[PDB]
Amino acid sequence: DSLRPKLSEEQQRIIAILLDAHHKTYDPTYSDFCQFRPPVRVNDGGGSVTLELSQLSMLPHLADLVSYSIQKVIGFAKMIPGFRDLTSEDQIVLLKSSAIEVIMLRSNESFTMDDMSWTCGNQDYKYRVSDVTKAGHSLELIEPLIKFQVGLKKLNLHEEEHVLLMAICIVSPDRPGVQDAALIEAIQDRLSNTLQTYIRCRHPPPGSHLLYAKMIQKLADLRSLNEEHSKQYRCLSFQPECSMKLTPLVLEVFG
């Protein structure tokens, strides 16, 4: 029987708002990047945990890039229909625990399968596995992060699907420390129902109806990458003088 309800006026308005919020908080020209502390790539190739931790040569650049992105995510979240109805305490819980996951999601826009890099664009602002190891991370995080980016690219999401998946990621009732889980779940359900309906309505063949389960599985993968990131950030934080190379926002959000 397979019903395909039309998008309601409200679901249409939710999608419009989320598209606008994303266009206002994601610059696809990367024009701010010249403001970051500059990328430095030392001869590593080894490629040597000792040398990498000794220098952390790409960390000031990539920490500035991630701090800037956290600011853009705070901005995007504040525009999600319902998010402002939450207590400021739940807003912050949700932002701090989703921040790294939304950055991984939104970075898929600059990611290219041409050479498996995040291309912002350019030459100086092209980031590879080797650049991420020069910021103190290891293959345990980087390799599955690359797998994740390829997996997501190949979903070929509509922009409507991409912005809804980010909103659903942020408003998750199962984050540690949330207080009004039912309200967050209500907001999420409204977003998830919008996404489900959108996919049925708008996505060819179909049924690549199955697309919705694939997107939910990405949200599960993101939780595992978040835990690996936390482990590695802890290690990074033990490197003497590391805090200089980070930013106050990054320090707070991650520890």
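All residue numbers refer to positions in the sequence shown, first residue = 1. Between two forms, the rigid core is the largest collection of C-alphas that superpose within 1.5 Å.
Across the superposed structures in 8 other deposited structures of this protein, aligned by the core, the stretch whose Cα atoms lie more distant on average is 198 to 206, chosen from 62 to 70 and 198 to 206. Superposing on the core and measuring CA offsets in 8 other deposited structures of this protein, the stretch of 158 to 166 and 114 to 122 with the greater mean deviation is 114 to 122. In this entry, 38 to 46 shows the higher mean Cα temperature factor of the pair 210 to 218 and 38 to 46. The mean Cα B-factor in the deposited entry runs higher for 240 to 248 than for the other of 18 to 26 and 240 to 248. Taking the PDB entry at face value, the top CA B factor among 82, 151, 75, 144 belongs to 82. Within the listed group 71, 117, 130, 87, the record reports its top CA B-factor for 87. Among the modelled residues of its chain, residue 157 has a C-alpha B-factor that falls in the middle third according to the deposited record. Residue 61: CA B factor in the lowest third of modelled residues in this chain (values from the PDB entry). Placement of the Cα temperature factor of residue 124 within the chain: highest third of the modelled residues, per the deposited record. Ranked by C-alpha B-factor against the other modelled residues of its chain, residue 97 falls in the middle third. The entry lists a Cα temperature factor for residue 91 that places it in the highest third of the chain's modelled residues.
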